[PDB]
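What follows is one structure encoded as C-alpha cells, with my remarks underneath.
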Ligand SMILES: *[C@@H]1O[C@H](CO)[C@@H](O[C@@H]2O[C@H](CO)[C@@H](O)[C@H](O)[C@H]2NC(C)=O)[C@H](O)[C@H]1NC(C)=O
Ligand SMILES: *[C@@H]1O[C@H](CO)[C@@H](O[C@@H]2O[C@H](CO)[C@@H](O)[C@H](O)[C@H]2NC(C)=O)[C@H](O)[C@H]1NC(C)=O
Ligand SMILES: *[C@@H]1O[C@H](CO)[C@@H](O[C@@H]2O[C@H](CO)[C@@H](O)[C@H](O)[C@H]2NC(C)=O)[C@H](O)[C@H]1NC(C)=O
Ligand SMILES: *[C@@H]1O[C@H](CO)[C@@H](O[C@@H]2O[C@H](CO)[C@@H](O)[C@H](O)[C@H]2NC(C)=O)[C@H](O)[C@H]1NC(C)=O
Ligand SMILES: *[C@@H]1O[C@H](CO)[C@@H](O[C@@H]2O[C@H](CO)[C@@H](O)[C@H](O)[C@H]2NC(C)=O)[C@H](O)[C@H]1NC(C)=O
Ligand SMILES: *[C@@H]1O[C@H](CO)[C@@H](O[C@@H]2O[C@H](CO)[C@@H](O)[C@H](O)[C@H]2NC(C)=O)[C@H](O)[C@H]1NC(C)=O
Ligand SMILES: *[C@@H]1O[C@H](CO)[C@@H](O[C@@H]2O[C@H](CO)[C@@H](O)[C@H](O)[C@H]2NC(C)=O)[C@H](O)[C@H]1NC(C)=O
Ligand SMILES: *[C@@H]1O[C@H](CO)[C@@H](O)[C@H](O)[C@H]1NC(C)=O
Ligand SMILES: *[C@@H]1O[C@H](CO)[C@@H](O)[C@H](O)[C@H]1NC(C)=O
Ligand SMILES: *[C@@H]1O[C@H](CO)[C@@H](O)[C@H](O)[C@H]1NC(C)=O
Ligand SMILES: *[C@@H]1O[C@H](CO)[C@@H](O)[C@H](O)[C@H]1NC(C)=O
Ligand SMILES: *[C@@H]1O[C@H](CO)[C@@H](O)[C@H](O)[C@H]1NC(C)=O
Ligand SMILES: *[C@@H]1O[C@H](CO)[C@@H](O)[C@H](O)[C@H]1NC(C)=O
Ligand SMILES: *[C@@H]1O[C@H](CO)[C@@H](O)[C@H](O)[C@H]1NC(C)=O
Ligand SMILES: *[C@@H]1O[C@H](CO)[C@@H](O)[C@H](O)[C@H]1NC(C)=O
Ligand SMILES: *[C@@H]1O[C@H](CO)[C@@H](O)[C@H](O)[C@H]1NC(C)=O
Ligand SMILES: *[C@@H]1O[C@H](CO)[C@@H](O)[C@H](O)[C@H]1NC(C)=O
Ligand SMILES: *[C@@H]1O[C@H](CO)[C@@H](O)[C@H](O)[C@H]1NC(C)=O
Ligand SMILES: *[C@@H]1O[C@H](CO)[C@@H](O)[C@H](O)[C@H]1NC(C)=O
Ligand SMILES: *[C@@H]1O[C@H](CO)[C@@H](O)[C@H](O)[C@H]1NC(C)=O
Ligand SMILES: *[C@@H]1O[C@H](CO)[C@@H](O)[C@H](O)[C@H]1NC(C)=O
Ligand SMILES: *[C@@H]1O[C@H](CO)[C@@H](O)[C@H](O)[C@H]1NC(C)=O
Ligand SMILES: *[C@@H]1O[C@H](CO)[C@@H](O)[C@H](O)[C@H]1NC(C)=O
C-alpha cells in the first residue's frame, strides 16, 4: 500500500494506488539545485501532456483514439489481470510516441473546433 | 472488440537513471562530511517489492563515482585555512640518532636541523627536529621529500580524521532500490528487492590490500570480480566473519611548536621519551588460519577442482600498493603484510613491522602533498578486516597451481563493497492502456 | 651570424634566479626581445 507497493500487482489491481504514487512525484549547492529544478521541470512537462489531452483534471481518462489492436495481440483479461505495469511498458515501448502524437493531433484538434462552433452561435 | 486508448497517471513504473543524491549524516572539527551535509531521517523506511526481479550491476554503478568526487572535494576543503610549509625546503643537514634504541632498518630515524624564518622578516632562528627516513632524501645534506615536486601543506592539528558515516537520499521523482538477496555476486537479477528513501550509513575508511571496518557477508564468504577469468581484474572478497587488527606506536613521542611568520605555526617531533622501538601491528594466527581456509574453499568453486592455491606478497609497485596503509590517530602507517599471505593450500599471533611517514598523498595526485602534524604520546588502535583485495598471477593454462597476491591502489574499489547493494531509478508516472470505454 | 632587424631588437641577458631550495640561487642567461626589456648595462 506504500510507494511502489503496487509493483508486483496486476495492472487492474495497481489502479487503486495511483493517488498514492502521485503524492510522491513532487559547489555542492549547485548540484543540489540542478536536481531540484529539473525535478520541477519534468513534473510540469508531464502535466502539459495531460493539459493538451484534456485529461489534466483526472488521474484516469478516456480518449477518442481507437486502440489499433494489431500493436499487440492480447485480450483485455490477459493484460489487466495477468500482467504488471512494468511488463506492459515494455510491450508497447515502440508505440508510445505514436499514441501520444495521436492524442495531441487526432483528438484535441477536433474537439476544440466543435466546442468553438457551439460557442459562436 | 471496440478497444480505445486510455490514459493513467501515477503508474508504478521506473527506469534506470542517474541523478545527484543528497548527502546526510547522523553526525569540534572533522575532515568528514558532517560539515558539508544535513541530518538524516531518524527512522528510515523500507518497502519490500513482491514479485520483483530487478537487475543490479555493481561494476557499472554511478554511485561509486559520485561518492568519489564528493570525498575528494570534501577532503580538500579541510586544508584551505591551514598552514603552508613552503619556507621549509632547505639544505636540512642531518645525522644518525643515537639512543637506547632497538631500531629498525638502520638510518630509519634521523636528527635534523635547519635555518628557519621567524615572525619578523629581519630575523632567523636555528631549530632541530626528528624525521623519518621515508620523508627525507639525500642531496650530510638532505631535502624533504617532494621539495622538488610539490608544495606541502600542514594539516590543522585541531581537525579529527575519525570516519563519520555518510547516508545518501533520493530527490523527489527518484527512488533507491536495494538488493536483499543473500550471497549476491553483484550482478544479474536480484530475487528480493526493496525500496528505501535513503542508504545505510557508509564510513569513508581508507585502506589498502585489506578492507577495514566495513559490512560482513550474512552467511558465507563471497567472492566477486568484474571478470573472474581475467587475471588483470581485482577480486573483492567479503568475509562472513571479522578479523581484528591491533596496531600500536610505543615510543612516547613528544610535540613542540614554533611560530613562523605572523599567521602560521609549525609542529614537529621533539625528543622521544624512553626506549625507541619499532611500530607494529598484530594479526591473530589462529583466526587468520581459519579465514584463509574459508577463502580457499570458495576460490576452488570458481577456479575448479584440485588446483593448488597459494598466496604471496606483491612483486612490485609503490609503497602505497605493496604495503597496508592505515590512518590511526591521524598518523599514517605502512605495514609489511608478508606472513599473512605466506601459505600453500592443497586440502598465537603474527606481528607485522610497520613504518611511519609524515608526508603523504592520499589520492595519488601529482603536484599535491600533505604533512601530518605529529601526535603526542603512545598510540593504540583496534579495528577489523571485513574483506580482502586479491589479484591473480595466473591466466596461464600450463599449470595445475594458482597464486594470488594483494591488489589495491584504487579507492573506488573499497566503496564498491558497501554500494553494490544499491541502484538508482527514475519514476515515470504516465502510461496508457486498451480498456474499452466511451466519452463525450 | 646576424642579418639582424631593427638594431638592438634581440638581447643577450643574465641574472640570479631562485632555485628549488630557499638556501640557493642559480646563474642563468636567456634571450629577450627589445620590447620585453626597458633600460634602467
Ligand atoms: C647511519 O648508520 C648506518 C649504519 O652504519 C649507515 O648505513 C651504512 O651506510 C654505509 C656507507 O654507505 C654502508 O657501507 C653500510 O652498508 C650502511 N649500513 C647499513 C645499511 O646497515 C647510515 O648511512 C648512517 N646514516 C647517516 C646519515 O650517516
Ligand atoms: C626530484 O628529486 C629526486 C631526487 O633527486 C629525483 O629522483 C631521482 O631521479 C633520477 C634521474 O636520474 C634518478 O637517477 C634517481 O634515482 C632519483 N632519486 C631518487 C631518490 O629516487 C626526481 O626525479 C626529482 N624530480 C622528479 C619530478 O622526479
Ligand atoms: C554472477 O552469477 C551469474 C549467474 O548466477 C553470472 O551469470 C553468467 O552470465 C554469463 C553471460 O555470458 C553466462 O555465460 C553464465 O553462464 C552465467 N552464469 C554462469 C554460472 O555461467 C554472472 O556473470 C556472475 N557475475 C560475476 C561478476 O561473476
Ligand atoms: C610519556 O611522556 C609523557 C610526557 O610527554 C609523560 O607524561 C608525564 O608524566 C609525569 C608523571 O609524573 C608528569 O609529572 C608529567 O607532567 C607528564 N607530562 C606531560 C603530561 O606532558 C608520560 O608519563 C610518559 N609515559 C611513560 C614514561 O610511560
Ligand atoms: C601484539 O603481540 C605481541 C606479542 O605477544 C605483544 O608483544 C608483547 O607486548 C608486551 C607488552 O604489551 C611485552 O611485555 C612483551 O614482552 C611483548 N612480547 C614480545 C615483544 O615478544 C604486543 O604488545 C601486542 N600488541 C598489542 C597492542 O597488544
Ligand atoms: C616484506 O619483508 C620481506 C622479507 O621478510 C621482503 O622480502 C624479501 O625480499 C628479498 C629480496 O627479494 C628476498 O630475498 C626475501 O626472501 C624476501 N623475504 C624473505 C627473505 O623473508 C618483502 O619485500 C617485504 N615487503 C615490502 C613491501 O617491503
Ligand atoms: C574501526 O572502528 C573502531 C570502533 O569505532 C575504531 O576504534 C575506535 O577509534 C576511535 C578513534 O581513535 C576511538 O575514539 C575509539 O575509542 C575506538 N574504539 C574502540 C577502541 O573500541 C577504529 O579506530 C576504526 N578503524 C579505523 C581505521 O578507523
Ligand atoms: C495498427 O497501427 C499501425 C500503426 O501503428 C497501422 O500501420 C496498422 O495499419 C494498424 N492496423 C490496423 C489499423 O488495422
Ligand atoms: C477475450 O476473452 C473473451 C471472454 O472474456 C472472449 O469472449 C474473446 O473471444 C476474447 N478475445 C480474443 C481472444 O480476441
Ligand atoms: C499469464 O501469463 C503467463 C506468462 O507470463 C502465462 O504462462 C499464463 O498462461 C497466463 N495466465 C493466464 C492467461 O491465465
Ligand atoms: C520493439 O523494439 C525492440 C528493439 O528496440 C524489439 O526488440 C521489439 O521486438 C520491438 N517490439 C515490437 C512489438 O516490434
Ligand atoms: C506475488 O503477487 C501476488 C498477488 O496476489 C501476491 O499474493 C504474492 O504474495 C506476491 N509474491 C509472493 C511471494 O506471494
Ligand atoms: C639509556 O638508559 C640509561 C640507563 O637507564 C640512561 O642512563 C640513559 O639516559 C638512557 N639514554 C641515554 C641517551 O642516556
Ligand atoms: C644557520 O645559519 C648559520 C649562519 O650561516 C649557520 O652557522 C648554522 O649552521 C645554520 N644552521 C643550520 C641548522 O643550518
Ligand atoms: C572475461 O574475459 C574473457 C577474455 O577472454 C572474455 O572472453 C569474457 O567474455 C569476459 N567475461 C565477461 C565480460 O563476462
Ligand atoms: C587484538 O587483540 C585481541 C585480544 O584482545 C585478539 O583477540 C585479536 O585477534 C587481536 N587483533 C589482531 C591481532 O588483529
Ligand atoms: C639531536 O642532536 C642535538 C645536538 O645538540 C641533541 O642536543 C639532541 O638531543 C638530539 N636529538 C635527539 C632526539 O637525539
Ligand atoms: C592451519 O591449521 C591447520 C589445522 O586446522 C593446519 O593443518 C595448518 O598447517 C595451519 N596452517 C597452515 C598454513 O597450514
Ligand atoms: C570437486 O568435485 C566434487 C564432485 O566430484 C565436489 O563434491 C567437490 O566439492 C569439488 N571440489 C571443489 C569444487 O572444490
Ligand atoms: C613462506 O613460505 C615458504 C615456502 O613454504 C617458506 O619457506 C617460508 O619460510 C615462509 N615464510 C614464513 C615467514 O613463514
Ligand atoms: C569491527 O569493528 C567495528 C568498528 O566500528 C565494530 O563496530 C564491529 O563490531 C567490529 N566487529 C567485530 C568486533 O566483530
Ligand atoms: C658565423 O660566421 C663565421 C664567419 O664570419 C663562420 O665562420 C661561422 O661558422 C658562422 N657561424 C654559424 C654559421 O653558425
Ligand atoms: C649574482 O649576484 C652577484 C652579487 O654579487 C653578482 O656579482 C653576479 O654578477 C650575479 N650574477 C648574475 C647577475 O648573473
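Filtering region B:187-207 to residues that are more than 30 Å from residue B:375 (Cα to Cα) and surrounded by fewer than 20 Cβ atoms within 10 Å (Cβ to Cβ) leaves B:187, B:188, B:189, B:191, B:192, B:194, B:196, B:197, B:198, B:200.
Of all the listed residues (B:347, B:314), the sole one being within 22 Å of the chain's Cα centre (by Cα), away from ligand 5 (no atom under 16 Å from the Cβ) and either away from chain C (no Cβ under 14 Å) or part of a loop (DSSP other than H, G, I, E, B) (or both) is B:314.
Determine, yes or no, whether residue B:131 is more than 16 Å from ligand 10 (Cβ to nearest atom), under 36 Å from the mean Cα position of the chain (by Cα) and either within 14 Å of chain C (Cβ to nearest Cβ) or assigned to a loop (DSSP other than H, G, I, E, B) (or both). Against the criterion (more than 16 Å from ligand 10 (Cβ to nearest atom), under 36 Å from the mean Cα position of the chain (by Cα) and either within 14 Å of chain C (Cβ to nearest Cβ) or assigned to a loop (DSSP other than H, G, I, E, B) (or both)), residue B:131 does not qualify.
Here residue B:353 does not fit the description of being crowded, with 18+ Cβ neighbours inside 10 Å, at negative phi and more than 16 Å from ligand 12 (Cβ to nearest atom).
Are any of the residues in region B:330-341 touching a strand residue (DSSP E or B) at 6+ places or on another chain (Cβ under 9 Å), within 16 Å of ligand 2 (Cβ to nearest atom) and part of a loop (DSSP other than H, G, I, E, B)?
Residues of region B:330-341 that are touching a strand residue (DSSP E or B) at 6+ places or on another chain (Cβ under 9 Å), as a first pass: B:330-341.
After this cut, where a residue has to be within 16 Å of ligand 2 (Cβ to nearest atom) as well, the list is none.
For region B:330-341, residues touching a strand residue (DSSP E or B) at 6+ places or on another chain (Cβ under 9 Å), within 16 Å of ligand 2 (Cβ to nearest atom) and part of a loop (DSSP other than H, G, I, E, B): absent.
Going through region B:138-169 one residue at a time, which ones are within 16 Å of ligand 17 (Cβ to nearest atom) and either buried (at least 17 other Cβ atoms within 10 Å of the Cβ) or closer than 26 Å to residue B:418 by Cβ (or both)? Once the filter is applied, which keeps residues that are within 16 Å of ligand 17 (Cβ to nearest atom) and either buried (at least 17 other Cβ atoms within 10 Å of the Cβ) or closer than 26 Å to residue B:418 by Cβ (or both), region B:138-169 yields only B:142.
So, in region A:3-43, of the ones that are farther than 23 Å from residue B:169 by Cβ and more than 14 Å from ligand 12 (Cβ to nearest atom), which residue ends up nearest to the other protein chains (Cβ to nearest Cβ)? Let's see the steps before the verdict.
So in region A:3-43, the residues farther than 23 Å from residue B:169 by Cβ come out as A:8-16, A:18-19.
Filter once more, so that each one left must be more than 14 Å from ligand 12 (Cβ to nearest atom): A:15, A:18-19.
Numbers: A:15: 7, A:18: 4, A:19: 6 Å.
This residue is A:18.
Could you say whether any residue in region B:363-373 is more than 16 Å from ligand 13 (Cβ to nearest atom), touching a strand residue (DSSP E or B) at 6+ places or on another chain (Cβ under 6 Å) and in a strand (DSSP E or B)? Yes; the residues of region B:363-373 include at least one that is more than 16 Å from ligand 13 (Cβ to nearest atom), touching a strand residue (DSSP E or B) at 6+ places or on another chain (Cβ under 6 Å) and in a strand (DSSP E or B).
Scanning region B:1-40 for residues that are within 17 Å of residue B:63 (Cβ to Cβ) and not in a loop (DSSP other than H, G, I, E, B) gives B:14, B:15, B:16, B:22, B:23, B:24, B:25, B:33. Scanning region B:78-107 for residues that are more than 13 Å from chain C (Cβ to nearest Cβ), under 29 Å from the mean Cα position of the chain (by Cα) and surrounded by 17 or more Cβ atoms within 10 Å (Cβ to Cβ), we see that the one that is farthest from ligand 2 (Cβ to nearest atom) is B:78.
Quick one: in region A:44-71, which of the residues that are part of a loop (DSSP other than H, G, I, E, B) and at the interface with chain B (Cβ under 7 Å from one of its Cβ atoms) is farthest from the chain's Cα centre (by Cα)? Don't jump to the end; show me each part of the working.
At the first step, the residues of region A:44-71 found to be part of a loop (DSSP other than H, G, I, E, B) are A:54-59, A:67-68.
Applying the additional criterion that residues be at the interface with chain B (Cβ under 7 Å from one of its Cβ atoms) yields A:55, A:59, A:67.
Details: A:55: 9, A:59: 9, A:67: 15 Å.
The qualifying residue farthest from the chain's Cα centre (by Cα) is A:67.
For residue B:123, the conditions (1) within 14 Å of ligand 17 (Cβ to nearest atom); (2) farther than 16 Å from residue B:143 by Cβ all hold with the exception of (1).
Here Cβ is always computed from backbone atoms with ideal geometry, including for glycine, and neighbour counts include all displayed protein chains. The numbers here are math on the coordinates, done by the rules we state, and not lab data.
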